[PDB]
Amino acid sequence: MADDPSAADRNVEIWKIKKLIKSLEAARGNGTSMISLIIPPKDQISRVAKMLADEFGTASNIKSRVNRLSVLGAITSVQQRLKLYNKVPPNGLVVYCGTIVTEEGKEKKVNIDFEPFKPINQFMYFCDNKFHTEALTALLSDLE
């Protein structure tokens, strides 16, 4: 009972974003590392892929291959995505890459990338062992 086929993307981000930040913050598992990058209109796709490129070479210094493979594997997975959207959208291109496993011993490959309904403040970095979502938990909190 939706409205339009293409417009669906609009109504989606609505309940998709709110549930996203609510899910990520809940995401838990062994010692892993997630990825959270955003390409706002006040920046260039080269900047995001640039600041990440450096974080990669330094991530290989990690003692625990687990995290290293989580930070590097995610950076490369997303890096290939940004190269697809050479253009910088206003809603900011968000990207999520990580792997969380529950007590059941089942891993979960985090793969998400799309343009939300709200604009992105600016270039934001992600933290290890925790999802980085300020503009998300903020906006959704303010508006609703």
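Start at 1 and count along the chain as shown; that gives each residue its number.
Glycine residues also receive a Cβ, built from the backbone N, Cα and C atoms like all the rest.
According to Swiss-Prot, the feature N-acetylalanine maps to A2. Marked as motif 'NIKS motif' by Swiss-Prot: 61-64. Residues or ranges marked as 4-hydroxylysine in Swiss-Prot (evidence: experimental evidence): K63. Annotation comment: Swiss-Prot describes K87 as SUMO2 cross-link.
Taking each Cβ in turn and tallying the other Cβ atoms within 10 Å, the top scorer among the recorded positions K63, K87 is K87. Note on the motif 'NIKS motif' (61-64): DSSP counts are 0 helix, 0 strand, 4 coil.
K63 (4-hydroxylysine) is 50 Å away from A2 (N-acetylalanine) when you measure Cα to Cα. Using a 10 Å radius centred on the Cβ of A2 (N-acetylalanine) and all shown protein chains, the other Cβ atoms total 8. The residue listed as '4-hydroxylysine' sits 36 Å from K87 (SUMO2 cross-link), taking the Cα positions as reference.
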